[PDB]
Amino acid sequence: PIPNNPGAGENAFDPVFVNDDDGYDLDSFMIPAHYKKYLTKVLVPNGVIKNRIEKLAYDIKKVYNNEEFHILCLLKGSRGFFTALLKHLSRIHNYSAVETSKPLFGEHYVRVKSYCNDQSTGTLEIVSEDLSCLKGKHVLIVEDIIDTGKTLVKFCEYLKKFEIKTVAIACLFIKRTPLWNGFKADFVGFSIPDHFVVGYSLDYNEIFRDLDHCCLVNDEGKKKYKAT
């Protein structure tokens, strides 16, 4: 069964659990030198994010098999997740492909914005925009992080107009915050502590996207890069 109850995560496998005291000190891995003074610790290293995404791709391929689907990348934060996912889905599909096979997925991009500093503004700005080509298609939303769940509730509501066949959700990180509205993903990488994360395409006011590991930003970082 292809998931089609967005926010319910009806048949989702557990994520990897990153415990409240888990993580690694900054001297454990390569950290760009200028970023070190703004980070408290490494939560999830680049290579483990990548290994987990490979398995997610495998889970997605096991669900869709050869049914055409359309993957929708929420820019900008989902870039890292999306690129690793495309790499691993492609290799898994194409390694098992035979002469009578066909392409597994199409790729689409929507820019959505809602954060300022370390907080949801509670509003969602969307830029795409003709998603009518998605009518009657299976779509897989690819999102970097579910926090409040507000982005995904609002975007899923917004997708209703295009008369898409199914909407499934894949999300790299879910944060254990009391602010969460209950929105669950269908494929989920990691459950993480309630702290604002940066790295692997996740930014704090556009900073730290290029940081390879998922890290916690410290108060000096939040202060230095605050919105002005």
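Residue numbers here begin at 1 and follow the sequence given.
Look at the C-alpha B-factors of 142 to 150 and of 128 to 136. On average they run higher in 128 to 136. Mean CA temperature factor is higher for 160 to 168 when stretches 160 to 168 and 183 to 191 are set side by side in the entry.
Split the chain's modelled residues into thirds by C-alpha temperature factor. Residue 77 is in the lowest one.
The deposited CA B-factor of residue 205 belongs to the lowest third of values across its chain. Residue 214 sits in the middle third of its chain by CA B factor, as recorded in the PDB entry. The entry lists a Cα temperature factor for residue 112 that places it in the highest third of the chain's modelled residues. Remark: residue 123 belongs to the highest third of its chain, ranked by C-alpha B-factor as recorded.
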